[PDB]
Every structure is written in C-alpha cells, then in structure tokens.
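Okay, so here's the structure we're looking at.
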Amino acid sequence: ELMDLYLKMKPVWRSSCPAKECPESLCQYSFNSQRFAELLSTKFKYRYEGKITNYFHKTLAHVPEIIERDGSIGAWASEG
Amino acid sequence: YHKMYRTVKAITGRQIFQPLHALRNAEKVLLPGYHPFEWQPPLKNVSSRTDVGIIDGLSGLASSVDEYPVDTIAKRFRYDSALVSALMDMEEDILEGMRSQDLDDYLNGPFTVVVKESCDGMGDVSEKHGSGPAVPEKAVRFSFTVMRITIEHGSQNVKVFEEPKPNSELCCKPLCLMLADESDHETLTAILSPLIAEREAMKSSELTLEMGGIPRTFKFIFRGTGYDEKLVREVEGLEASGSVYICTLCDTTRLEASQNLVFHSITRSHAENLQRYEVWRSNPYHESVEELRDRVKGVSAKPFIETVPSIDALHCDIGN
Amino acid sequence: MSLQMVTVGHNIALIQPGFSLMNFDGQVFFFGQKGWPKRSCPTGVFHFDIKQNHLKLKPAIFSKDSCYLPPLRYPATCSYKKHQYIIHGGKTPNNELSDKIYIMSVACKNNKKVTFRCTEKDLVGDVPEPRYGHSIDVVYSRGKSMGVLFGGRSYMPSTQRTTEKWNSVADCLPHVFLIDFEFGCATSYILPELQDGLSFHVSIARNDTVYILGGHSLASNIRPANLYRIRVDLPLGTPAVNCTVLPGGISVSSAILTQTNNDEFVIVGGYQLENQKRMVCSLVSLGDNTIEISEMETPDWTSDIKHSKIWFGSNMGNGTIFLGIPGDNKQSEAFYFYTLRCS
Amino acid sequence: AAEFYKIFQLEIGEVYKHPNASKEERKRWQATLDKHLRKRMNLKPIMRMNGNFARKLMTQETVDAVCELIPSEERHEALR
DNA sequence: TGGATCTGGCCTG
DNA sequence: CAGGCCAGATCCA
Ligand SMILES: [Ca+2]
Ligand SMILES: [Zn+2]
C-alpha cells in the first residue's frame with residue numbers, strides 16, 4: 001500500500017502539465033498525502049518518529065501550493 | 001567535417017558541403033554581439049555597447065600578488081546580449097506562434113518573457129595541463145531557457161511560444177561556464193556577482209529589438225527554479241544540508257515537521273531572508289546565540305542569488 | 001629568529017588570506033574564516049592556541065548584547081588602550097565592501113573560556129568609503145586619544161561601475177581621515193605632501209606620530225621605497241595635521257609588523273614586485289625623534305617558503321608572526337603553516 | 001619515468017645524508033616536488049603515471065627544475 | 001558528576 | 001565516496 005501510494009503521488013509533480021495530464025490524481029493528492037503520513041506514523045513508527053527526511057516532508061507538504069503558484073512542477077526541473 | 005568535405009569534393013567533383021571558413025562566417029550571426037538592441041531606461045551599471053561577445057567571467061578581478069588569490073577560469077556572456085540572441089534565434093518561431101492564434105503580424109505589444117535559470121556544479125572534471133592558475137577539478141555551469149513568451153492583447157493575455165520539451169538538452173542554453181568549486185563561496189560570489197547585477201538591473205527595463213521589420217519591446221521575468229537543495233541552502237542563507245530546520249520553503253523544525261507532516265505553508269523568500277540576516281548581524285533584541293538562531297530561523301548568511309521557492313523533481317525522486 | 005613548523009587539526013580548511021590575530025592578556029584569537037559561519041562556531045571568532053606546535057581552534061562565544069559580525073576578509077587592525085581591539089572595513093565572504101566599524105572586548109572570563117563583546121558604531125562627518133588593506137592606528141596627544149585612518153583599495157564608485165569590470169579596484173583618495181572613537185566623528189584633512197595612494201602598508205604608532213612605510217600604488221603599478229611621518233596634535237579647537245617625508249624608506253607591500261621590545265619593531269616578509277619575494281627582514285628601531293631601519297640576519301627559510309609565490313600572516317602579539325604557505329592542490333591539507341619567533 | 005620520479009623525490013630531500021626519514025618528511029618532499037614541477041614545466045600531479053607525463057618529464061629542463069631545489073652540486077651533476 | 005570529546009547515524013550532494 | 005550537523009556513549013578533572 002505504501003508502494004501504491006507513492007506511484008499515485010508521483011505523476012502529480014512529475015507531469016509537465018498536471019492540470020491537463022493527471023487531474024484525477026491531482027484532485028486526491030491531499031487525501032493521498034494524509035494516508036501516506038498516517039501510514040508512516042503508525043506502521044513505520046520505528047523510523048519516522050521524531051525524524052523524517054527533507055524530500056518526504058516536501059512531497060507530503062508543499063506540492064499543491066507550488067502547483068497552484070506556478071502551474072507545473074516537472075517543467076521547471078534541473079534535469080535539463 | 002573537413003575530412004568529409006574534402007573526400008566528397010575529391011569523389012563527386014562538385015561542392016556539396018560548404019567550406020569551414022564559410023561556416024565560420026555564417027557562425028557569427030547566431031552568436032551574441034551581432035544584433036542592435038537599445039534599452040529604455042538604460043541598464044544601470046551595464047554598458048550600452050551592442051557588440052560584446054565572450055568576455056572573461058572574472059569581470060576584471062584583481063589577480064596581483066597583493067590580494068585574494070584567484071584559481072578559476074570563467075568565460076561568460078552578458079545576460080542582455082545573450083537574451084537578445086536567444087530571442088532572435090526564435091524570430092520565425094515567435095512569428096508562427098503569433099500567426100497561430102489569429103493575432104496580427106506587425107503587432108508590437110510588450111512581450112512578457114519568462115526565463116528559467118539553472119545552475120548546478122559538477123564533479124570529476126579532469127583538470128588539464130598548461131598555463132593557468134591552480135584550477136580545482138570541479139566545474140560549475142550557469143544556463144537559462146526560454147519557457148514561454150506572451151503578448152498583451154485586449155484585456156487578457158495570450159501565449160505565443162511554449163517550449164514542448166522544457167527538460168530537454170536542446171533548450172538549456174548556456175550562459176556562464178566557470179571551472180571552479182561549488183563548495184568554495186568567495187570565488188563563486190566573485191564570478192557570479194556581475195550576472196546577478198545585470199539581472200537585477202533588467203528586472204525593471206524594456207528591451208527594444210527589430211523583430212522582422214517591426215520594432216517590438218520586451219519584458220523579462222526570471223525564476224530560479226533549477227537549483228538542487230544543497231546549492232539552494234548554500235546560496236540563500238541556510239546552513240549545511242542537514243540541520244534542525246529542514247525545508248527551504250517553511251520555517252518548520254524537524255521534530256514538529258515529523259509530528260504534523262500534513263499541514264504547512266510557504267513563507268520563505270529573498271527579502272525576508274535579507275531582513276533575517278540583518279537581524280542576525282545587528283542583534284537588536286540582545287539575545288544569546290541559541291535564542292538569536294531561534295528568532296532568525298536558521299538564516300546565518302547573506303543571500304546573493306534570488307532562488308524561487310520551488311521543488312526539484314529529479315532530486316526529489318532520487319531522494320525518495 | 002626561530003622558525004618552527006606547526007600542525008593544524010580538523011579546521012585547516014578554514015584559514016584564508018587576510019586573517020588577523022587578536023591578543024587579549026596573552027591569549028590569541030582568530031578572525032576571517034572561509035564562508036559564512038557554521039554550527040561548529042556560529043560566532044566566527046576562534047581560540048588560537050598553539051601547544052607543542054599543534055593548533056586547535058575551539059569556538060569562542062559572544063556576549064548577550066554583542067552584535068554578530070560577518071567575517072571581514074581584509075580589515076584594518078588597531079590596538080586601543082580597558083584593553084579593546086578595533087577593526088574597520090574589509091571584504092565580506094560575498095565580496096561586497098563595508099564601511100562599518102567594530103569594537104572588541106572581553107566581557108567575562110572563567111577557566112579556559114571567554115565571552116566577547118561586539119559593539120556597532122556609526123561614524124558621522126566625512127565617513128570614509130568602504131575599503132580594504134588600509135591601516136588604522138591611535139595616537140595620544142596632550143592626554144587625548146584619537147584614531148587616524150589612511151587610504152587603501154576600494155571599488156569604483158556606483159556611477160562609473162560597469163558589470164564587465166565589476167571587480168576592478170582602484171586606490172582610494174590620498175585624503176587622511178581622523179576618527180574620534182568616543183564620539184565617532186570624522187573630519188577629512190587633505191594634505192599636499194601626499195600625492196598618491198598606498199595599499200597593504202604597515203603603520204607604527206608612538207605618542208603623537210605614525211610612521212607609514214612601504215605600500216603599493218595600483219594606479220601607477222609601482223611600490224615606492226619611501227617613508228611618511230605624520231604628526232598630529234590635539235589643541236582645544238580643531239586638530240592640526242602635518243606629515244613629513246623622510247628618507248630610508250623601503251618598498252614593501254603587505255608586510256607584517258610585530259612588537260618585540262619597547263621602542264623596537266621588526267618587519268618580516270612581503271612582496272617587492274609582482275613575482276619578487278621580500279626575502280630579507282628589516283628592523284625598525286623606533287625612537288623619540290629619530291627613525292633608523294636596519295637589517296638583521298636573515299632567518300633560515302625553508303625550501304617551501306623560498307620557492308612559493310604567496311605567503312600571508314598577522315601579528316601574534318608575543319613577538320611571533322604566524323605566516324602560511326599554500327600547501328598543494330585540494331585533489332597536504334591545502335595549506336602549510338609556520339610560526340616565526342621574533343626575539 | 002615513475003622510478004625517476006621517485007628518485008627525484010628522494011634526491012630533493014638528500015637521503016644519502018639522512019638514511020632515516022619520516023612519513024611526514026616524504027609527504028613534504030612529494031608536495032614540494034609537485035608544486036615546483038607545476039611552476040616550472042607546468043605538469044599537474046597525477047596518481048597513475050601516463051606516457052605523456054613520461055615524455056614531458058624525460059627532458060633536460062626536468063633535471064634543471066629538480067636541481068634548483070637540491071642544495072648540493074654533486075647531486076646536480078650526477079642527475080644531469 | 002557535569003560539561004568536554006569522540007563517534008556513529010542521518011541528510012544532501 | 002566527501003562534507004556537515006545531531007543524538008549518544010565515554011571520560012576526566
Ligand atoms: Ca549535480
Ligand atoms: Zn517545508
């Protein structure tokens with residue numbers, strides 16, 4: 001289930017135009033983030049209690065606001 | 001290419017491929033320093049000459065025995081001239097885009113151009129022998145792309161050109177290549193200060209360019225989204241890469257970030273970080289080191305490159 | 001004339017040209033690190049302790065009301081006399097010049113630990129422009145203590161500055177400024193006996209006179225072998241300034257001064273030309289009204305010093321000079337450090 | 001060429017009069033040899049010796065730049 | 001016995 | 001594999 005949650009999350013910030021490529025995954029990103037966070041808190045308490053990593057925090061917190069402000073996330077990457 | 005041209009000459013008899021000198025003559029048109037551009041108002045601290053090509057990236061840094069030692073090689077382009085060349089390389093593209101949405105062809109409305117500047121260092125670049133300073137075996141590149149260009153028509157706006165492959169290697173146009181270290185800060189600031197000065201000067205200026213028989217004006221909006229987290233921290237004040245304060249977008253500490261993990265907001269900016277550095281340096285509230293750090297929320301440096309608070313998808317995927 | 005090799009611990013990657021050594025009641029401290037301060041030492045000052053030719057750099061904490069200052073890369077060194085220490089101007093790690101002035105003092109001290117006090121002071125009057133490489137000394141004329149500033153190197157004005165020559169530097173104006181520390185006042189005195197600027201020169205203080213010798217003029221790209229003696233008195237009204245040209249001066253830039261004995265100063269190292277090395281040392285037997293510069297025996301330099309291009313240092317205070325040699329490529333630890341005993 | 005490099009590294013320290021040497025002494029000899037080699041003939045230091053390094057180091061200017069760091073003259077003439 | 005002092009874990013490259 | 005920071009185990013006057 002953690003694996004499925006990550007695969008449901010990834011298109012949102014990897015799409016070059018999420019509003020026209022993955023609206024169904026976009027509209028439930030908040031619910032997926034909540035579910036992922038509660039899973040990490042409960043089932044994986046042995047690693048994520050009082051210590052979490054930068055990229056997990058970023059993915060679970062800041063993505064929708066960045067999408068709203070910019071329009072796309074993957075377009076402005078450093079992969080180019 | 002010379003070998004291929006010579007053998008095709010010898011066999012076929014005609015001249016199918018053009019000579020190298022002809023190629024080099026046609027080369028100069030695309031390179032910066034060939035088109036005329038006028039600013040209004042003129043850029044502050046930027047010369048009005050329109051034939052600047054490849055200039056030294058050190059910007060005439062003092063390299064005598066009496067001052068700070070320099071161990072870098074840097075060749076860079078003036079930002080405005082590079083933008084002019086990038087815009088002129090897509091003259092036909094802009095004309096086609098303006099034709100596509102049933103607009104005019106001689107319309108000279110103020111274009112709004114957004115540019116994504118990306119800077120990332122490299123490792124294991126082999127230093128060469130030969131005359132020069134004790135150059136470290138690290139290379140830092142600075143580059144920019146033209147994402148979208150819009151014109152103001154009527155009450156709303158309409159897009160003319162949008163890059164279909166924003167992450168391709170064909171759009172990351174280089175700007176400034178220095179063979180210096182990313183960790184070293186003094187040399188990085190010394191070499192990258194002129195580009196930041198030019199960008200700040202152009203933030204509030206109008207570029208005039210003769211676009212296919214009709215003069216049109218330009219505007220520039222810059223977003224620094226193409227930096228990795230380590231360089232973002234090393235530039236915009238934040239210390240190290242792993243500390244008590246984690247995100248470069250929110251003032252949330254590690255423990256409560258782990259505890260909450262779902263509810264956060266974006267607060268950090270560049271002017272705010274400048275104010276926080278001023279607070280740290282002046283110590284207005286007469287506090288100890290720990291309480292001053294808590295008040296300043298991890299800003300212990302002077303930011304000097306404006307980085308837009310975004311997330312880097314590639315390195316995010318790598319870390320996850 | 002004793003030269004000894006010194007080893008540095010796990011902070012050797014943090015000593016850069018332009019540092020200064022601060023002496024407080026026999027304790028020597030450090031300033032001018034690389035990059036913005038880290039969490040190992042957020043203040044920026046360091047405990048410069050050498051025991052058995054080994055150097056350890058323990059952090060030093062500021063006071064509660066202290067102001068945390070950026071690491072100045074080429075400041076101006078002064079020694080006030082209640083024993084405080086004043087630094088003026090220099091380069092920040094982001095390479096912009098500052099015209100601010102700071103005051104150093106020891107607020108409290110317990111066993112092997114210290115707390116410093118930094119004070120922000122704003123100058124009024126003819127504010128000197130931000131600059132680096134200059135020298136500032138204090139004089140005691142008729143019971144009144146007052147500081148004197150001389151020109152150095154500074155960036156071009158904010159109007160004739162261009163991005164292509166953004167890092168070009170030119171010597172400051174020949175003007176000699178006077179700073180009153182207790183009031184923070186500055187009055188500019190233009191004196192015809194001075195025609196060209198000086199940079200990276202040494203300054204020697206006495207009761208009411210300062211002896212500046214050497215210096216580099218970038219405008220003419222020459223180093224004069226001259227000597228200016230300035231005498232300042234403090235009447236009830238406006239101060240009067242007079243400088244006299246004296247013979248016997250040497251042509252040295254970026255030299256290092258030490259105070260070995262009373263009325264006895266020594267000069268070690270520097271650069272005569274761009275590729276020339278100021279290999280011999282000059283003794284400055286300071287006097288009441290006579291100046292005599294004589295050459296002592298040349299210390300037995302090592303091959304690394306004899307075949308390097310760059311060395312830089314500061315004053316340890318107890319008749320010792322701490323000079324360094326660029327070690328090798330980063331690829332021992334990028335720097336080799338030496339200590340030098342002055343009698 | 002590697003053997004000659006080690007011979008120069010030893011000779012710039014005068015091992016014939018100092019039969020016992022420390023690892024710090026050998027490291028300093030290596031560092032000064034690399035620095036002066038760069039300064040004079042402009043070869044960067046390398047850890048695995050190439051053939052271009054061999055061809056450039058097999059010159060008379062090489063023994064010149066080495067002997068301007070050897071105080072004695074008998075070593076100068078022997079190396080030459 | 002209460003801070004120094006290594007020391008390994010963790011974060012990004 | 002370098003580099004920096006933090007929680008933890010010794011430790012020594
Ligand atoms: Ca990279
Ligand atoms: Zn965050």
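The chains in the structure tokens are called A, B, ... from first to last as shown; in each chain the residues are counted from 1, and the ligands are counted from 1 in the order shown.
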### Message
Taking only C-alpha atoms (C1' of nucleotides) and all ligand atoms into account, which residues have an atom no farther than 8 Å from ligand 2? I'd like them as JSON, numbers by chain.
### Response
{"A": [54, 57, 58, 61, 62], "B": [246, 247, 248, 249, 250, 251, 252, 257, 264, 265, 266]}
Mind dumping the selected residues with N, CA and C atoms as a short mmCIF file (atom, residue, chain, number, x, y, z; two decimals), in the first residue's frame?
```
data_model
loop_
_atom_site.label_atom_id
_atom_site.label_comp_id
_atom_site.auth_asym_id
_atom_site.auth_seq_id
_atom_site.Cartn_x
_atom_site.Cartn_y
_atom_site.Cartn_z
N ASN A 54 14.03 15.38 4.33
CA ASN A 54 13.64 16.62 3.67
C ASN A 54 12.67 16.37 2.53
N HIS A 57 9.19 15.23 3.57
CA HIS A 57 8.43 16.37 4.09
C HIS A 57 7.95 17.26 2.95
N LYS A 58 8.83 17.56 1.99
CA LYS A 58 8.46 18.41 0.87
C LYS A 58 7.31 17.81 0.08
N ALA A 61 4.01 17.92 2.01
CA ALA A 61 3.51 19.22 2.45
C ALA A 61 3.30 20.23 1.33
N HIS A 62 4.31 20.50 0.51
CA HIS A 62 4.36 21.75 -0.25
C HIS A 62 3.90 21.63 -1.70
N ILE B 246 14.73 22.15 8.28
CA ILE B 246 14.88 21.26 7.13
C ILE B 246 14.49 21.94 5.82
N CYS B 247 13.23 22.36 5.70
CA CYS B 247 12.74 22.85 4.42
C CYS B 247 13.30 24.23 4.10
N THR B 248 13.51 24.48 2.81
CA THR B 248 13.87 25.79 2.31
C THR B 248 12.66 26.63 1.95
N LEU B 249 11.45 26.15 2.24
CA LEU B 249 10.23 26.87 1.94
C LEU B 249 9.41 27.23 3.17
N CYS B 250 9.63 26.56 4.30
CA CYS B 250 8.87 26.80 5.51
C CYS B 250 9.82 26.85 6.70
N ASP B 251 9.39 27.57 7.74
CA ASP B 251 10.16 27.74 8.96
C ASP B 251 9.97 26.60 9.95
N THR B 252 9.50 25.45 9.48
CA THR B 252 9.17 24.35 10.37
C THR B 252 10.41 23.55 10.74
N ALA B 257 7.89 19.00 12.21
CA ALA B 257 7.61 18.57 10.84
C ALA B 257 7.28 17.09 10.80
N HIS B 264 1.23 22.60 6.34
CA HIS B 264 2.34 23.53 6.27
C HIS B 264 1.98 24.65 5.31
N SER B 265 2.81 25.69 5.31
CA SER B 265 2.60 26.83 4.43
C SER B 265 3.95 27.35 3.97
N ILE B 266 3.94 28.08 2.86
CA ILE B 266 5.15 28.64 2.28
C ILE B 266 5.35 30.05 2.82
#
```
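Residues in contact range of residue 276 of chain C, defined as at most 12 Å between only C-alpha atoms (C1' of nucleotides), with sequence neighbours fewer than 3 positions away removed, read residues 64, 65 and 66 of chain B; 223, 251, 252, 253, 269, 270, 271, 272, 273, 279, 280, 306, 307, 308, 309, 310 and 311 of chain C.
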### Task
Find the residues in chain A near chain B: any atom within 10 Å counts, using only C-alpha atoms. Write them as a ChimeraX atom specification.
/A:6,10,13-16,30-31,33-38,40-41,48-63,65-67,69-70,73-80
### Message
Residues of chain D within 9 Å of chain C, counting only C-alpha atoms - could you list those as a VMD selection string?
### Response
chain D and resid 27 to 28 31 to 32 34 to 36 45 69
Suppose we keep N, CA, C and O atoms; can you now write the selection as a PDB file, in the first residue's frame?
```pdb
ATOM      1  N   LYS D  27      56.091  13.006   2.623  1.00  0.00           N
ATOM      2  CA  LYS D  27      54.934  13.736   2.116  1.00  0.00           C
ATOM      3  C   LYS D  27      55.306  15.163   1.730  1.00  0.00           C
ATOM      4  O   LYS D  27      54.868  15.666   0.688  1.00  0.00           O
ATOM      5  N   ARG D  28      56.107  15.833   2.562  1.00  0.00           N
ATOM      6  CA  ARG D  28      56.527  17.193   2.238  1.00  0.00           C
ATOM      7  C   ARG D  28      57.400  17.216   0.990  1.00  0.00           C
ATOM      8  O   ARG D  28      57.293  18.136   0.169  1.00  0.00           O
ATOM      9  N   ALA D  31      55.076  16.955  -1.918  1.00  0.00           N
ATOM     10  CA  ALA D  31      54.322  18.186  -2.128  1.00  0.00           C
ATOM     11  C   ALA D  31      55.179  19.254  -2.794  1.00  0.00           C
ATOM     12  O   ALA D  31      54.741  19.914  -3.747  1.00  0.00           O
ATOM     13  N   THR D  32      56.410  19.443  -2.308  1.00  0.00           N
ATOM     14  CA  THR D  32      57.257  20.477  -2.895  1.00  0.00           C
ATOM     15  C   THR D  32      57.675  20.106  -4.314  1.00  0.00           C
ATOM     16  O   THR D  32      57.760  20.981  -5.188  1.00  0.00           O
ATOM     17  N   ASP D  34      55.839  18.366  -6.449  1.00  0.00           N
ATOM     18  CA  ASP D  34      54.680  18.637  -7.295  1.00  0.00           C
ATOM     19  C   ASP D  34      54.517  20.131  -7.549  1.00  0.00           C
ATOM     20  O   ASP D  34      54.288  20.554  -8.692  1.00  0.00           O
ATOM     21  N   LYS D  35      54.654  20.946  -6.498  1.00  0.00           N
ATOM     22  CA  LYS D  35      54.488  22.387  -6.655  1.00  0.00           C
ATOM     23  C   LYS D  35      55.508  22.956  -7.632  1.00  0.00           C
ATOM     24  O   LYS D  35      55.156  23.713  -8.545  1.00  0.00           O
ATOM     25  N   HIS D  36      56.783  22.597  -7.464  1.00  0.00           N
ATOM     26  CA  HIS D  36      57.789  23.190  -8.336  1.00  0.00           C
ATOM     27  C   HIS D  36      57.723  22.620  -9.744  1.00  0.00           C
ATOM     28  O   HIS D  36      58.029  23.333 -10.707  1.00  0.00           O
ATOM     29  N   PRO D  45      49.939  17.230 -11.000  1.00  0.00           N
ATOM     30  CA  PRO D  45      50.240  15.952 -10.341  1.00  0.00           C
ATOM     31  C   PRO D  45      49.190  14.905 -10.681  1.00  0.00           C
ATOM     32  O   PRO D  45      47.993  15.196 -10.723  1.00  0.00           O
ATOM     33  N   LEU D  69      66.241  22.827  -6.597  1.00  0.00           N
ATOM     34  CA  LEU D  69      65.781  22.569  -5.238  1.00  0.00           C
ATOM     35  C   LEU D  69      66.735  21.685  -4.447  1.00  0.00           C
ATOM     36  O   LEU D  69      66.457  21.385  -3.282  1.00  0.00           O
TER      37      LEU D  69
END
```
### Message
Please extract the residues of segment 80-316 of chain B with a backbone DSSP assignment of alpha helix (DSSP H) and present them as a PyMOL selection string.
### Response
chain B and resi 80-89+91-100+186-202+229-235+254-260+270-282+289-296+313-316
#### Entry: chain B contacts on chain C, only C-alpha atoms, 9 Å, as a PyMOL selection string
chain C and resi 16-18+34-39+42-43+61-70+73-74+92-95+120+133+158-169+199-200+216+253-254+270-271+273-275+309-310+328-331
#### Entry: Who sits within 12 Å of residue 220 of chain C, only C-alpha atoms (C1' of nucleotides), same chain under 3 positions skipped, as a list in words
residues 170, 171, 195, 196, 197, 198, 216, 217, 223 and 224 of chain C
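Take atom CA of residue 172 of chain C and atom CA of residue 154 of chain C: the distance between them is 6.0 Å.
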### Task
Do a neighbour search on residue 9 of chain E at 12 Å with only C-alpha atoms (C1' of nucleotides), toss out local chain neighbours closer than 2 positions, and write the hits as a ChimeraX atom specification.
/A:51 /E:7,11 /F:5-8
Prev. selection, C-alpha atoms (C1' of nucleotides), output as a JSON list (two decimals), in the first residue's frame:
```json
[["chain", "number", "residue", "atom", "x", "y", "z"],
["A", 51, "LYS", "CA", 12.95, 12.10, 12.50],
["E", 7, "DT", "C1'", 31.63, 8.73, 17.40],
["E", 11, "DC", "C1'", 20.82, 14.40, 5.43],
["F", 5, "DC", "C1'", 25.14, 18.51, 11.72],
["F", 6, "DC", "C1'", 22.86, 16.00, 15.76],
["F", 7, "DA", "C1'", 21.82, 12.48, 19.46],
["F", 8, "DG", "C1'", 24.54, 9.29, 22.23]]
```
### Task
Residues of chain E no more than 12 Å from chain B, counting only C-alpha atoms (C1' of nucleotides): send them over as a ChimeraX atom specification.
/E:10-13
Would you put the residues from that selection into a file with N, CA and C atoms (P, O5', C5', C4', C3', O3' and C1' of nucleotides), as a short mmCIF file (atom, residue, chain, number, x, y, z; two decimals), in the first residue's frame?
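See result-v4.cif below for the written result:
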```
data_model
loop_
_atom_site.label_atom_id
_atom_site.label_comp_id
_atom_site.auth_asym_id
_atom_site.auth_seq_id
_atom_site.Cartn_x
_atom_site.Cartn_y
_atom_site.Cartn_z
P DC E 10 20.20 6.04 11.10
"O5'" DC E 10 20.04 7.45 10.38
"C5'" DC E 10 19.63 8.59 11.13
"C4'" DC E 10 19.77 9.85 10.30
"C3'" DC E 10 19.37 9.71 8.83
"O3'" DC E 10 18.43 10.71 8.48
"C1'" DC E 10 21.48 10.76 9.03
P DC E 11 17.50 10.51 7.19
"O5'" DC E 11 17.95 11.69 6.21
"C5'" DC E 11 17.65 13.04 6.54
"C4'" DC E 11 18.57 14.00 5.82
"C3'" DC E 11 18.81 13.69 4.36
"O3'" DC E 11 17.73 14.16 3.56
"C1'" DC E 11 20.82 14.40 5.43
P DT E 12 17.58 13.66 2.04
"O5'" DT E 12 18.64 14.54 1.24
"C5'" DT E 12 18.48 15.94 1.15
"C4'" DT E 12 19.77 16.61 0.74
"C3'" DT E 12 20.28 16.25 -0.64
"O3'" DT E 12 19.66 17.07 -1.62
"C1'" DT E 12 22.06 16.16 0.94
P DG E 13 19.88 16.77 -3.18
"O5'" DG E 13 21.35 17.33 -3.47
"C5'" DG E 13 22.23 16.61 -4.33
"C4'" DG E 13 23.67 17.03 -4.09
"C3'" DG E 13 24.70 16.33 -4.97
"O3'" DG E 13 24.93 17.10 -6.14
"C1'" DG E 13 25.29 16.03 -2.71
#
```
### Task
Find the distance between atom CA of residue 179 of chain C and atom CA of residue 98 of chain C and write it in Å to one decimal.
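Atom CA of residue 179 of chain C sits 16.4 Å away from atom CA of residue 98 of chain C.
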### Query
When you draw a straight line from atom CA of residue 128 of chain B to atom CA of residue 31 of chain B, how long is it in Å?
26.7 Å
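With only C-alpha atoms and all ligand atoms as the atoms that count, the minimum distance from ligand 1 to the choices B:114, B:22, B:122, B:103 is reached by B:122.
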